[PDB]
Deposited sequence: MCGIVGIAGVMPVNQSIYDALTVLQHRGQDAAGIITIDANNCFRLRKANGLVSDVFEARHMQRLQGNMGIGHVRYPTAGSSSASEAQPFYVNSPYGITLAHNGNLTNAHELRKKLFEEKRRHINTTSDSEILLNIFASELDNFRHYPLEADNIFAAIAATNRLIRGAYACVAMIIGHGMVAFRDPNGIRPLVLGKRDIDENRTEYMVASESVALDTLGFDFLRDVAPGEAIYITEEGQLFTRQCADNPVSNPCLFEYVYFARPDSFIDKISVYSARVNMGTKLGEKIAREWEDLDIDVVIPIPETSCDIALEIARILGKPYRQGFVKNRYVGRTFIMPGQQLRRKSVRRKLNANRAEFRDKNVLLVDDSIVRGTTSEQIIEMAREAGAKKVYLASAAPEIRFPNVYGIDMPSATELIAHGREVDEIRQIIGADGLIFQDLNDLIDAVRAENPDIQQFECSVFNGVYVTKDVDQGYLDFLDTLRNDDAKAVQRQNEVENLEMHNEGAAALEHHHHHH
C-alpha cells in the first residue's frame, strides 16, 4: 500500500490526489483521502478502484482543508472497507497504514475486553487506529501536548507487533506519523517553504511523492521514530521505540518501490542497476560455456537490470517484448506482452525478469520466445528464490502456491520449460543494495530466507493467515 499526509497552508486536496497518483503503483484496489476543513470537521472520500476513478469533481470540492492524508490499497479483502479509517472519540482521529500487524487477533480481543472498543472490519489498520485511540483516551486535559501524543505512540509500539508506516490526524492538534521499530515499511519526511512565514510539511511512503509536489526532501523517518506537526506549522520529533534498528524491506528495492525513489539513503535505480551487475557477473561465471546471442528484458522493471547484465556479458541488449500501456478485460499474459518476432528468430536468448512467484508468467513468456523462433531460451531472476510468505505488508500466494517451495533450480526450470534458469544470490542482492548505504547492516528478507526480524512468527500464525 501507499500513504501520504500533508500539513499545508493552502488547499491540499489536489496535492494529495497528485501524490497518490505517483504512488498508485503501491496499490490499485482502492484509494482514500481525508482532510480537515475550517470547521475542524473531517471530510472523507474513499472507494474501490484507481485514484482517477475514485475521486471525481464533486468529491474534491467536498474535500476542503489545508491538512489531510491519503491512502492507496494493495488488496489485503477487496469488497471490505478501505482506508483511511476514522473514530470520533477521543477528539476525532483518522489513520492510514502501510504494513501488517502480526498480533491483530490478540489486539482485537484486548480492545473489546479492556476498552469495550468495537472493530467492525478485518483490517488491522482499524485495530491500529483504536490502539492509538485508547491510549490518547487516557489523557483528560486539553489541548494535548506533544509529549502526550508521543507517549501514546510509545505505548502503541509496546502493544503492537509487526511492520507499519503510519500517518494520522487529530482534530484540533495536527498530523502524526511514525515507523515501526525495525524500519521495515518506508516513510520519508518533506518540507516546502511558501514564504518566510509559512512552511508546509508532508510524509509519504516514497520520495517521489515529495518530488512531484516541489517538496524539499528532509530525510527518512527513522525506525521507531514519530513525527508530530501542529496545525500552527510546528515540527516535533521523538524516538518512541525501545530498541530501534534499520531492517528496511529488501523487496522494496527489488521491485515494489519506484526507481527514482530514495529509501534510507539508497537510490532504488542505482541499487537495481547493481543487481544487474551482480547477476551479470554470476552468469558470466556459472554460464561460462553457454552461447548467448542477446539479452531481452521483460518490461518494465527488469529493463535497466537487463541492460547492465548485457554490459557485463558483452552481449547486445534488445527490446524483444513490448508491454501494452493499456490492458483489457476478458468477459494469458499475451495481452500485456507482445513479442517482436524479428528479435527471437534463430537466436539463443537470455530473458531477464524481476522475480518468479507462481511460475505461470515465466512459463508463458518462454513459450512466446519460442513461438517467436528462439533456439534456446534462458531465464534469469533479479531476485532470489521466493520460498516464504511475507507478513509485513506484502501479500502473496500461500507457501504452496510458490513454485520454489520444496523445489530447486533445476526442477523449477523444467516446470517452466526453460533451457537454463538462474536466480540472484541473496547475499549478492544485499551487497548490491548495501553498496549505496553501508550503514544498513541487515535487511528484511523473510520471503527469501524465512528469517523474521520481529521474532513472533510460527507455522501456527501462517496456518491461521491462510484462513
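Deposited-sequence ranges lacking C-alpha coordinates, in sequence order = Missing C-alpha atoms (numbering from 1) occur across the ranges 1, 78 to 80, 336 to 345, 482 to 516.
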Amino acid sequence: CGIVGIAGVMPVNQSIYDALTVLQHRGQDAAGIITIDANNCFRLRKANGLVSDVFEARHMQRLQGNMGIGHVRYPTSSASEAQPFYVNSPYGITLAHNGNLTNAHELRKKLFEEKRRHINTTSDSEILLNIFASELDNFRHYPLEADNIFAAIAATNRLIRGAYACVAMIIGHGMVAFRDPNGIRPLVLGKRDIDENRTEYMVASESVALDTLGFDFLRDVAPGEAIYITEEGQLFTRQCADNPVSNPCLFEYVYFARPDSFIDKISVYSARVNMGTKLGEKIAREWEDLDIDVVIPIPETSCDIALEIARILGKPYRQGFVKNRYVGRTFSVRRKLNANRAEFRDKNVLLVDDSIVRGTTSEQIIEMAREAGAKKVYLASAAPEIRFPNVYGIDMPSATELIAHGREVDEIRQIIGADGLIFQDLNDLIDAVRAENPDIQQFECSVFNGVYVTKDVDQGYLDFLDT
From here on, numbers count along this sequence of modelled residues.
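Each form is matched to the other, and the largest set of C-alpha atoms that superpose within 1.5 Å is called the rigid core.
Fit on the core, then compare CA atoms: does 253 to 261 or 79 to 87 lie farther from this form in 7 other deposited structures of this protein?
-> Between 253 to 261 and 79 to 87, greater C-alpha deviation in 7 other deposited structures of this protein belongs to 79 to 87.
Line up the rigid core: which moves more in 7 other deposited structures of this protein, 315 to 323 or 332 to 340, by C-alpha RMS?
-> Farther from the shown form on average in 7 other deposited structures of this protein: 332 to 340.
Higher-scoring stretch by recorded Cα B factor average, 182 to 190 or 364 to 372 | It is 364 to 372.
Pick between 303 to 311 and 386 to 394: the one whose mean CA B-factor in the entry is higher.
-> Per the PDB record, 386 to 394.
Between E225, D216, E281, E252, which one tops the list for C-alpha B-factor in the PDB entry?
-> Within the set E225, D216, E281, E252, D216 shows the top C-alpha B-factor.
Residue with maximal Cα B-factor (values as given in the PDB entry) among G70, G417, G65, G49 = Each of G70, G417, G65, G49 was compared by C-alpha B-factor; the highest is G417.
Place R318 in the lowest, middle or highest third of its chain's C-alpha B-factors, as listed in the PDB entry.
-> According to the entry, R318 has a C-alpha B-factor in the chain's middle third.
Sorting the chain's modelled residues by C-alpha B-factor, tell me whether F236 ends up in the lowest, middle or highest third.
-> For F236, whose C-alpha B-factor we compare with every modelled residue in the chain, the answer is the middle third.
Using the B-factors in the PDB entry, rank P244's C-alpha atom against the chain and give the third, lowest, middle or highest.
-> As the PDB entry reports it, the C-alpha B-factor of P244 lands in the middle third of its chain.
Third assignment of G32 from its chain's C-alpha B-factors = Bottom third by C-alpha B-factor.
Tell me, lowest, middle or highest third: where does the Cα B factor of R45 rank within its chain?
-> Lowest third - that is where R45 ends up once the chain's C-alpha B-factors are sorted.
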